[PDB]
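Chemist: The structure that follows is given in the form of structure tokens.
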Amino acid sequence: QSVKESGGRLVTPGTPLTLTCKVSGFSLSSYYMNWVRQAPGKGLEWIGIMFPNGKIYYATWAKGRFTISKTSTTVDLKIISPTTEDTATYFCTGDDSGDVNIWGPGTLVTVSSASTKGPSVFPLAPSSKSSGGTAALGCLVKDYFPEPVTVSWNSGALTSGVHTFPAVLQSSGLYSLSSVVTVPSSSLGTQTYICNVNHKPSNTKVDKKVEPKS
Amino acid sequence: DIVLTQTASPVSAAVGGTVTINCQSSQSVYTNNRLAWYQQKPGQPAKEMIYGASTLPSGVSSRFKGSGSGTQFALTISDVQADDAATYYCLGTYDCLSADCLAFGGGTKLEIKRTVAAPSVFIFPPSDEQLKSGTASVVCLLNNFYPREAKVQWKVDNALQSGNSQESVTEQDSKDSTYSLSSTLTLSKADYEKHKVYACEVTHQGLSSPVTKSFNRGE
């Protein structure tokens with residue numbers, strides 16, 4: 001009934017890496033297990049499968065580049081010799097040949113020779129040039145690597161009005177993204193607005209308060 | 001080298017309407033009936049909409065109908081809702097002893113059509129925090145517009161900027177079917193301090209003339 005991938009990290013070209021998928025509520029010998037990846041902005045590609053038997057089959061393009069294996073509690077995918085064409089989110093799925101089809105949330109593998117870099121967080125301050133009970137404010141999280149960055153507001157109490165945009169790759173080879181929220185104008189002095197930024201690949205975790213302007 | 005070719009994206013419909021997405025397989029699937037359809041909302045994983053060409057899982061609406069056989073299949077969504085906005089992939093099964101067991105189609109995005117909405121526009125100067133490090137990011141935000149086509153023009157001291165901005169657009173909102181966009185112009189602290197008038201000018205179908213939001217540095 002549940003599946004989860006882990007293991008996806010930044011990794012230099014050529015050094016191997018194994019992702020793992022831990023089942024919850026069924027037995028490996030009982031489902032079909034597949035690995036599927038999705039490069040950013042592109043589509044789902046199928047890597048290979050493990051039958052309930054224990055037979056294992058690979059897509060032709062994948063033959064020689066991955067190992068699929070199991071160990072009692074989990075299903076494993078090893079990327080034998082990562083190139084930059086291998087960076088993607090990797091997905092674990094479970095299928096009982098009938099009514100259950102199960103997907104993990106996915107795990108991000110980044111291949112590059114670049115170095116982890118934590119982000120810097122700056123405020124997008126509510127201004128007069130930011131309507132009438134419609135005040136816009138936000139955070140800019142700039143120059144991080146690799147992905148990903150999560151962003152919440154007021155530790156999760158603010159959900160409405162929030163747009164967190166996709167990250168863009170800058171010229172420097174580092175990502176930058178913003179998150180903004182619309183909010184009543186009658187609120188700017190009373191209520192406090194704080195964006196909670198977390199960039200786990202560098203154990204950065206800053207909470208910035210976004211106050212108006214002088 | 002198995003390839004499945006889907007309908008070109010996007011594929012559009014208004015709420016209440018009807019869409020067909022077609023899948024053509026380069027060779028017949030297993031027992032001419034083993035073809036499934038998956039729904040992927042952005043950032044989420046995929047959900048099984050249809051399997052075995054036409055079998056509808058539990059908890060998938062009967063608004064989704066699979067059909068076809070051999071090398072030609074189709075998924076048809078009726079009484080479309082705004083949360084149907086997603087990308088739909090077909091997945092073909094073949095004989096593991098003579099070809100790849102599975103193969104995915106290129107995917108087809110479904111875009112929900114709604115009335116034309118002009119963006120609300122805001123502009124943000126750089127923070128003093130960021131200035132104290134050598135670079136200056138000016139950000140302007142277009143909020144809740146339809147359709148996604150919008151052009152942003154950056155102008156400093158009235159000179160059109162080219163090459164020094166980047167932009168991002170959200171995914172279509174599953175309730176209101178609109179889009180949002182943020183543009184970021186990046187200058188050096190020196191260049192930012194040299195000039196005065198910072199303006200973001202927006203052109204969109206829902207506006208006859210372009211709209212301009214600007215600030216004057218240090219006011």
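If you're wondering about the labels, chains in the structure tokens are A, B, ... by order shown, residues count from 1 in each chain, ligands from 1 in order shown.
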Considering only C-alpha atoms, return as a ChimeraX atom specification whatever protein or nucleic-acid residues lie within 9 Å of segment 82-96 of chain A, sequence-local ones (same chain, fewer than 4 positions apart) excluded.
Modeler: /A:1-5,8,10-17,19-21,23,30-40,52,65,75,100-112 /B:45
Chemist: Residues of chain B within 7 Å of chain A, counting only C-alpha atoms - could you list those as a list in words?
Modeler: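 Residues satisfying the distance criterion: residues 44, 45, 46, 48, 57, 58, 100, 102, 103, 104, 106, 107, 122, 123, 124, 127, 129, 130, 168, 169 and 170 of chain B.
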Chemist: Among chain B, which residues does DSSP mark as alpha helix (DSSP H) when it is run on the backbone? Keep the chain and numbering as in the structure and answer as a compact mmCIF listing (two decimals) with C-alpha atoms, in the first residue's frame.
Modeler:
# COMPACT_ATOMS: atom_id res chain seq x y z
CA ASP B 128 19.77 46.43 1.23
CA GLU B 129 20.74 42.99 2.52
CA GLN B 130 21.56 41.84 -1.01
CA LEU B 131 23.21 45.10 -2.12
CA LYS B 189 25.63 46.86 -7.40
CA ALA B 190 27.64 49.38 -9.43
CA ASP B 191 25.24 49.33 -12.39
CA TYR B 192 22.20 49.42 -10.11
CA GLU B 193 23.60 52.49 -8.33
CA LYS B 194 24.34 54.25 -11.65
Chemist: If we count only C-alpha atoms and set the cut-off at 6 Å, which residues sit around residue 94 of chain B, ignoring sequence neighbours fewer than 5 positions away in its own chain? Please answer as a PyMOL selection string.
Modeler: chain B and resi 29-30+101
Chemist: Enumerate the residues of segment 99-215 of chain B with a DSSP assignment of strand (DSSP E or B), computed from the backbone, and present them as an MDAnalysis selection string.
Modeler: chainID B and resid 102:105 108:113 117 120:124 135:146 151:156 159:161 165:169 179:188 197:203 211:215
Chemist: Between atom CA of residue 143 of chain B and atom CA of residue 42 of chain B, what is the distance in Å, rounded to a tenth?
Modeler: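 A separation of 19.1 Å between them.
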